[PDB]
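K.L.:
Going line by line, the protein sequences match chains i and p. Start counting the first sequence at 2; every next residue gets the next number (the authors' numbering). Start counting the second sequence at 2; every next residue gets the next number (the authors' numbering). Ideal Cβ placement from N, Cα and C applies to all residues, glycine included. First the structure, which I've put down as structure tokens, then a few questions once you've had a look.
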Amino acid sequence: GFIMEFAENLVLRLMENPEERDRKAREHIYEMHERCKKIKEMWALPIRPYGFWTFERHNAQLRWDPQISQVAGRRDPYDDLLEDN
Amino acid sequence: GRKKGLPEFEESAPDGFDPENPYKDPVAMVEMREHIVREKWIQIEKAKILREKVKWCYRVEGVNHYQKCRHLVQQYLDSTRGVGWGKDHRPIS
């Protein structure tokens with residue numbers, strides 16, 4: 002053929018779907034705003050959590066001392082006296 | 002892909018938009034803005050069409066142009082009263 006009859010549909014192939022572009026734009030806005038709200042919530046967390054000491058890793062002694070309160074140097078004076086019988 | 006033609010757009014006004022709280026819904030903001038600008042351009046082109054009509058009037062009208070085109074003059078001016086983004090007269094659409 003001639004030049005323009007091919008350059009026309011060439012440019013038309015080069016250009017994209019606008020419906021896809023609009024859908025992607027509204028989508029991206031939706032999830033970006035949702036993620037923005039999520040990050041805003043995340044930044045509100047205090048440095049020290051409400052539980053803190055309640056956490057099992059932050060006790061480390063309520064389940065260690067009971068198995069140590071029997072060794073010498075930690076016993077209540079009234080433990081060795083009546084342990085004989 | 003392309004429709005290789007005029008860019009068809011939805012004439013229907015977008016839903017979920019409230020004038021009292023526009024900023025509440027962000028996803029509906031951009032299409033309402035696009036619709037408003039498109040309608041403004043429709044008004045602009047209507048004014049341009051009236052200007053073209055009076056353009057072609059003045060040549061055929063001759064000396065006594067006032068007599069038989071006065072009706073179209075008011076039609077063109079009322080369109081120019083609510084024009085787009087112009088002088089201090091801002092239309093309330």
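Along the chain, where does the alpha helix (DSSP H) that runs through i/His29 open and close?
P.N.:
Membership of i/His29 in the alpha helix (DSSP H) is indicated by the continuous run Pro19 to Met43.
K.L.:
Specify the secondary structure class of p/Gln75 as computed by DSSP and reduced to three states.
P.N.:
helix
K.L.:
Under DSSP, the alpha helix (DSSP H) around i/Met16 begins and ends at which residues?
P.N.:
i/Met16 -> no alpha helix (DSSP H), and no H or E assigned at all.
K.L.:
Could you check what DSSP says for residue 118 of chain i in three-state terms: helix, strand or coil?
P.N.:
No statement about residue 118 of chain i is possible, as the shown extent of chain i runs from 2 to 86 and does not include it.
K.L.:
Here's the rule: buried if 16 or more other CB atoms are within 10 angstroms of the residue's CB, otherwise exposed. What is i/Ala26?
P.N.:
exposed
K.L.:
Residues in the segment 6-38 of chain p with C-beta within 8 Å of chain i's C-beta atoms, listed in sequence order?
P.N.:
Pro8, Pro27, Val28, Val31 and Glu32
K.L.:
Run down chain p in chain order and give the residues with a C-beta less than 9 Å from the C-beta of i/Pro67.
P.N.:
Going along chain p, no residue has its Cβ under 9 Å from i/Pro67, so there is no contact; the nearest lies around 58 Å.
K.L.:
For the alpha helix (DSSP H) that contains p/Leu51, what are its first and last residues?
P.N.:
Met30 to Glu62 is the span of the alpha helix (DSSP H), which, as asked, contains p/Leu51.
K.L.:
Give me the residue from i/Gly2, i/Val12 and i/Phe3 with the minimum Cα distance to p/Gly6.
P.N.:
i/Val12
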